[PDB]
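The data below hold one chain only, encoded as structure tokens and taken in the form deposited in one PDB entry.
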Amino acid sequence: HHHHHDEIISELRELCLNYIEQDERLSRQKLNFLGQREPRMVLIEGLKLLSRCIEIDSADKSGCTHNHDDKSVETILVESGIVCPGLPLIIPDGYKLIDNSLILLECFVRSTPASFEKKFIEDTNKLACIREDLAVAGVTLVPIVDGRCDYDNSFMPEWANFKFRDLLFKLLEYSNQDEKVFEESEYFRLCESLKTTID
């Protein structure tokens, strides 16, 4: 056809344009993904695009607002006239305030039972350790941890999701040769000689 890497990139863009549902909360990340032309960058922003699908998909199913702009909890409450300072820097995947209860959502994907459970406890405990600062605000914390075992989500048909991840794999397991060829360049050796001059 062929499939030399620039055509992989091309097929990823067609998948993004033809088979990722046109939800406004993906517009920004779709645009950042379509804007890339270097292979490791296309790979990075493709992975970030697929993660936004899962996070937003999670926020919808959990009945709160996807944290579109990665606000902190302190920011979410400071945005609603509720002064709570002295709280960890926590950025939830979703949130929703009612009337004095604050739903906070963390979601994730793990592929083995051991890592699933371990991750579930970690995010449970991350949310639990601010329950009391919120109590003196005084707002009730409603922690939600949404663990998933795969990458299915409602903005991608399953076949396109799989083909997208499959092209991403070919893109990584290829640009894992361009950086290896890079380590024999000279510009690599000239980088190597660049640090010794500053460090």
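In this text, residue numbers run from 1 along the sequence as written. Note that the rigid core is defined as the largest set of C-alphas that superpose within 1.5 Å between two forms.
Annotation for 79 to 87 versus 99 to 107: the higher mean temperature factor (C-alpha) is found in 79 to 87. For the two regions 27 to 35 and 131 to 139, the entry's Cα B-factors average higher over 131 to 139.
Sort the modelled residues of the chain by CA B factor and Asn18 lands in the lowest third.
Looking at the C-alpha B-factors along this chain, the one for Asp93 belongs to the lowest third. Sorting the modelled residues of the chain by their CA temperature factor places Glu117 in the lowest third.
Unshown form deposited with a small molecule bound; subsequent notes refer to it.
Partner proximity in the entry with it bound, defined as non-hydrogen atoms within 4.5 angstroms of the small molecule, places exactly one of 48 to 56, 155 to 163, 170 to 178, 129 to 137 at the interface: 48 to 56.
Within 4.5 Å of any heavy atom of the small molecule in the entry with it bound lies no heavy atom of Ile76. Although the partner is absent here, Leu104 sits far enough away that none of its heavy atoms falls within 4.5 Å of the small molecule in the entry with it bound. Using a 4.5 Å cutoff between non-hydrogen atoms, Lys119 counts as a contact of the small molecule in the entry with it bound. Relative to the superposed core, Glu179 undergoes a Cα shift of 2 Å or more between the shown form and the other one.
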